[PDB]
Amino acid sequence: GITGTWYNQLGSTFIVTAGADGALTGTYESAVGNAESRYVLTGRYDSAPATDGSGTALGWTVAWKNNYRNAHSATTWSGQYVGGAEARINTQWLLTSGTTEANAXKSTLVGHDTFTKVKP
Amino acid sequence: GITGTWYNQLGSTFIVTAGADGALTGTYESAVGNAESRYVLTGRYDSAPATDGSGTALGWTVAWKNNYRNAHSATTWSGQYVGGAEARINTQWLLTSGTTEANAXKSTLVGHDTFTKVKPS
Ligand SMILES: [Cl-]
Ligand SMILES: [Cl-]
């Protein structure tokens, strides 16, 4: 149920393939419809989740470098997939920028994203 | 400078290869020397970092399933590599467990790891 296209609630989208043994691969687009905002996504998921109605744990990383931009930063999303009628991937994220050692305490932003199969 | 073996300060280790265009691939071992605690690691790094002494941003994920255990959870590490004599990878991590919807607010632990090229005392 993970493979396919997902949309956060702010205008981003990603397209992921879930491999049989736990691989996540795909592309993250920070702005729907803007190909210059597409970045490689790689991660992992639990490929044998519990059957008791629990979500499926997963995570992935985007380093914010492509052929048009290098923000010298990377974001990780940690969360769980919940299937069904209103399938969602609920996540929290960490965005770390490369910094000098003096600025290392300002290196990491935190936030959250909810991904759905339909646009907000 | 990233490719190789790293140790956190609590007894874990990982071995990563940094590909030329930003891939991180490797194995994470929660307990040094215990092969049944080895898990696949996949992530990304900035393969053209700033040259001004800034660290190199990176992140990776481990899903805690292998042939011996399935914790139904996954951890992501977000941080930066700093090279030199005492090279380190400074990170913060998120550990999310699959939960029921009623327990979803108890799903995600947060913490930090500092990885070095040599083992802690
Ligand atoms: Cl796979
Ligand atoms: Cl690569």
Side-chain angles (χ1 to χ4, degrees), chain A residues 19 21-25 40-46 59-63 65 72-76 78 94 96-99 101 104 107-108, chain B residues 1-51 53-68 70-71 73-95 109-121:
Chain A
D21 292 323
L24 297 179
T25 61
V40 173
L41 177 159
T42 187
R44 303 288 296 166
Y45 75 107
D46 178 8
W60 67 91
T61 306
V62 172
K65 174 183 186 291
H72 304 296
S73 62
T75 298
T76 62
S78 182
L94 296 170
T96 299
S97 297
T99 71
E101 283 183 61
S107 70
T108 306
Chain B
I2 290 166
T3 294
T5 307
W6 295 86
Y7 304 92
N8 81 344
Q9 305 314 302
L10 300 164
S12 300
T13 66
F14 71 85
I15 315 156
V16 67
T17 296
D21 295 317
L24 297 180
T25 61
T27 304
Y28 195 98
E29 192 175 63
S30 292
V32 184
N34 176 3
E36 304 184 352
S37 76
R38 287 180 182 155
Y39 300 82
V40 173
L41 174 162
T42 300
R44 303 288 297 165
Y45 75 108
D46 178 8
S47 51
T51 61
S54 293
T56 301
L58 47 70
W60 68 91
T61 305
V62 171
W64 297 108
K65 175 185 180 294
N66 66 11
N67 286 333
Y68 305 90
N70 190 347
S73 63
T75 298
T76 61
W77 290 256
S78 182
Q80 57 181 320
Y81 159 84
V82 183
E86 288 123 355
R88 61 196 190 271
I89 301 177
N90 296 124
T91 69
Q92 304 187 239
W93 54 255
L94 296 170
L95 162 55
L109 293 163
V110 62
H112 48 93
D113 271 309
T114 301
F115 296 93
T116 51
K117 305 278 247 307
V118 305
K119 293 182 176 181
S121 61

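Computed from heavy atoms alone, side chains included, the values below leave out hydrogens, waters and symmetry copies. Protein chains get the first letters and strands the later ones, always in sequence-line order, with residue 1 at the start of each.
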Distance col, row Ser78(A):OG vs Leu109(B):CG, nearest 0.5 angstrom, shows 9.5 Å

Heavy-atom pair of closest approach, residues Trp60(B) and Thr61(A):
N-OG1, 3.4 Å

Closer than 3.5 angstrom, by distance alone: can the side chain of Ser37(B) be matched with the main-chain N or O of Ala31(B) as a donor-acceptor pair?
yes

Is there a side-chain contact between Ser73(B) and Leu95(B) in this structure, where contact means two heavy atoms from C-beta onward sitting under 4.5 Å apart?
yes

side-chain contact (heavy atoms from CB on, under 4.5 Å) for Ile2(B) and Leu58(B)? Distances and angles first, verdict last.
CA-CA 10 Å; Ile2(B) 290 166; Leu58(B) 47 70; 4.1 Å; yes

Quick check on ring pair (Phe, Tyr, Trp, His ring centres under 6.0 Å): which of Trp6(B), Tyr7(B), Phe14(B), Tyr81(B) does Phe115(B) satisfy it with?
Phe14(B)

What distance do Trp77(B) atom CH2 and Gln92(B) atom CD have between them, rounded to the nearest 0.5 Å?
13.5 Å

Under a 3.5 Å distance rule, please check whether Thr91(B) uses its side chain to pair with a backbone N or O of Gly79(B) as donor and acceptor.
no

Without swapping roles, check the side chain of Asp46(A) against the backbone of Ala63(B) for a donor-acceptor pair under 3.5 Å.
no

Within this structure, what is the CG-CD distance for the pair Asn90(B) and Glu101(A), rounded to the nearest 0.5 Å?
8.5 Å

More than 12 heavy atoms of other groups within 6.0 Å of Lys119(B) NZ
no

Nearest heavy-atom pair of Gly59(B) and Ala74(A): which atoms, and what distance?
N-CB, 4.4 Å

side-chain contact (heavy atoms from CB on, under 4.5 Å) between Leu41(B) and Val16(B): does it pass, once the steps are laid out?
CA-CA 8 Å; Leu41(B) 174 162; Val16(B) 67; 4.2 Å; yes

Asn34(B), CG atom: more than 12 neighbouring heavy atoms under 6.0 Å
yes

Does any non-hydrogen side-chain atom of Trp93(B) lie less than 4.5 Å from one of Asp113(B)?
yes

Verify the distance criterion only: is there a donor paired with an acceptor across the side chains of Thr42(A) and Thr42(B) at less than 3.5 Å?
no

side-chain contact (heavy atoms from CB on, under 4.5 Å) between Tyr45(B) and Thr56(B): does it pass, once the steps are laid out?
CA-CA 7 Å; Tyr45(B) 75 108; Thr56(B) 301; 4.1 Å; yes

Is a side-chain donor or acceptor of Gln9(B) paired with a backbone partner of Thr114(B) at a separation under 3.5 angstrom?
yes

Spacing of OG1 belonging to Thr116(B) relative to CD1 belonging to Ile89(B), to within rounding of 0.5 Å
9.5 Å

Would you give the length of the straight line joining atom CD of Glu29(B) to atom CG of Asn66(B), rounded to the nearest 0.5 angstrom?
10.5 Å

I'd like to know whether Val40(A) forms a side-chain contact (heavy atoms from CB on, under 4.5 Å) with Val62(A), so could you lay out the CA-CA distance, the side-chain angles of the two residues, the decisive distance to 0.1 Å, and finally the verdict.
CA-CA 6 Å; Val40(A) 173; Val62(A) 172; over 6 Å; no

Rounded distance [0.5 Å steps], CZ in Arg88(B) versus NZ in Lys117(B)
11.5 Å

Could you tell me which non-hydrogen atom of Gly98(A) sits nearest to which non-hydrogen atom of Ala57(B), and how far apart they are?
N-CB, 4.0 Å

Closest non-hydrogen atoms of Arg44(B) and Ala23(B), given as atom of the first, atom of the second and distance, are NH1-N, 3.4 Å

Does either side chain, that of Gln80(B) or that of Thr99(A), offer a donor lying less than 3.5 Å from an acceptor on the other one?
yes

Would you say the side-chain atoms of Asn70(B) and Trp64(B) include a donor-acceptor pair closer than 3.5 Å?
no

